[PDB]
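Q:
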Ligand SMILES: [Ca+2]
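Numbering (the authors' numbering), first residue to last: 19 to 241.
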């Protein structure tokens, strides 16, 4: 997260870190045994880390649970990043509490102008490289489809939306991938892509979660 703030320990209780020897992506806990992340975060040997603030220090509220399976969206295209969504099942159910909690799926899509919370352990520099140990947060509005398409001609599908600031300086970034965009207590987006980070006229692009609710529910129901 570039231009954000320190969230505070366990203030974003649905935020998970995906770890394969090291943090490589974010995710969102949507029930006791399932996480939603980006399809471009797919790999084998994933451990889901819940209850994290400082990802380098054991602080006492963590639960570390290996993934039993991952399910990348059947229509994910890694070139265009269309359908950039994946489900991860935990080997055992997380113990839910005030600091480890699921986030609700949308019942309807969020509109341009809606304020959302984006979070992660990604790079905090737009030019340099600096990875924080503690969770970073950014409040950012969803942008209009027209402004999103104008920013990224030929690249915005019906399964994507832009959020952030056309002026630059405030954005998600590398390492935030797969993490949540939560608006009015609903998971509306997944950190997917962007051209650099926090660059003028290049806002963050996010997977439009409301398009996948039926797939998520049906997949969970049979797996
Ligand atoms: Ca920790």
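C-beta: ideal position from N, C-alpha, C; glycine also.
CA-CA distance, residue 243 and residue 185?
A: Residue 243 cannot be examined here, being either before or after the span of the chain that is shown, 19 to 241.
Q: Mind the definition here: the stretch 45 to 65 touches the stretch 82 to 99 only if three or more C-beta pairs lie below 8 Å; say whether that holds.
A: With the cut-off at 8 Å, the stretch 45 to 65 and the stretch 82 to 99 touch.
Q: Could you tell me which of 57, 209, 61 sits nearest to residue 134, measuring between CA atoms?
A: Within the chain shown, numbered from 1, the residue matching residue 134 stands at position 116. Checked all of 57, 209, 61; the closest Cα to residue 134 is 209.
Q: What do you get for residue 131, buried or exposed, if any count of 16 or more other CB atoms within 10 angstroms of its CB means buried?
A: Locating residue 131 in the chain shown gives position 113, counting from the first residue. When all chains shown are included, residue 131 counts as exposed.
Q: Can you give the Cα-Cα distance for residue 153 and residue 201, rounded to whole angstroms?
A: Taking the first residue of the chain shown as position 1, residue 153 is located at position 135. Taking the first residue of the chain shown as position 1, residue 201 is located at position 183. Looking at the two C-alpha atoms, the distance is approximately 18 Å.
Q: Output yes or no for whether 7 Å exceeds the beta carbon distance between residue 177 and residue 100.
A: In the chain shown, the residue the question calls residue 177 occupies position 159. In the chain shown, the residue the question calls residue 100 occupies position 82. It is a contact, given that the beta carbons lie within the stated cut-off.
Q: Need the endpoints of the beta strand (DSSP E) that residue 236 sits in, please.
A: Here residue 236 refers to the residue found at position 218 when the chain shown is read from its first residue. Careful: residue 236 lies outside any beta strand (DSSP E), inside the alpha helix (DSSP H) at 231 to 239.
Q: Considering only the alpha carbon of each residue, which of 23, 222, 207 lies closest to residue 213?
A: Sequence index remark: in the chain shown, residue 213 carries index 195 (1-based). Checking every option, the nearest Cα to that of residue 213 belongs to 222.
Q: Please find out if some non-hydrogen atom of ligand 1 comes closer than 6 Å to the beta-carbon of residue 152.
A: For the purposes of this step, residue 152 is taken as residue 134 along the chain shown, with counting starting at 1. Not so, every heavy atom of ligand 1 lies at least 6 Å from the Cβ.
Q: Whole angstroms is fine: what's the gap from residue 224's alpha carbon to residue 207's?
A: Here residue 224 corresponds to residue number 206 of the chain shown, with the count starting at 1. Here residue 207 corresponds to residue number 189 of the chain shown, with the count starting at 1. So the alpha carbons of these two residues sit roughly 5 Å apart.
Q: From residue 47 to residue 137, what distance separates their C-alpha atoms?
A: Stepping through the chain shown from its first residue, residue 47 is reached at position 29. Stepping through the chain shown from its first residue, residue 137 is reached at position 119. Looking at the two C-alpha atoms, the distance is approximately 13 Å.
Q: What's the C-alpha gap between residue 125 and residue 199?
A: On the chain shown, residue 125 is found 107 positions in, with the first residue counted as 1. On the chain shown, residue 199 is found 181 positions in, with the first residue counted as 1. Roughly 15 Å between the two C-alpha positions.
Q: Write down the C-beta distance between residue 122 and residue 205 rounded to the nearest angstrom, noting that I regard them as a contact closer than 8 Å.
A: Within the chain shown, the letter at position 104 stands for residue 122. Within the chain shown, the letter at position 187 stands for residue 205. About 7 Å separates the two Cβ atoms, so the contact holds.
Q: Assuming residue 166 is part of the alpha helix (DSSP H), what are its boundary residues?
A: The residue given as residue 166 occupies position 148 in the chain shown. Where residue 166 is concerned, the enclosing alpha helix (DSSP H) stretches over 163 to 169.
Q: So what does residue 159 bridge to, in DSSP terms?
A: Counting from one through the chain shown, the residue named residue 159 turns up at place 141. Answer is 133, bridged to residue 159.
Q: Under a three-way DSSP split, which group does residue 227 fall into?
A: Position 209 of the chain shown holds residue 227. Here residue 227 sits in helix by DSSP.
Q: Looking only at DSSP bridge pairs, what is residue 67 linked to?
A: Taking the chain shown and counting its residues from 1, the one referred to as residue 67 is at position 49. 35, 82.
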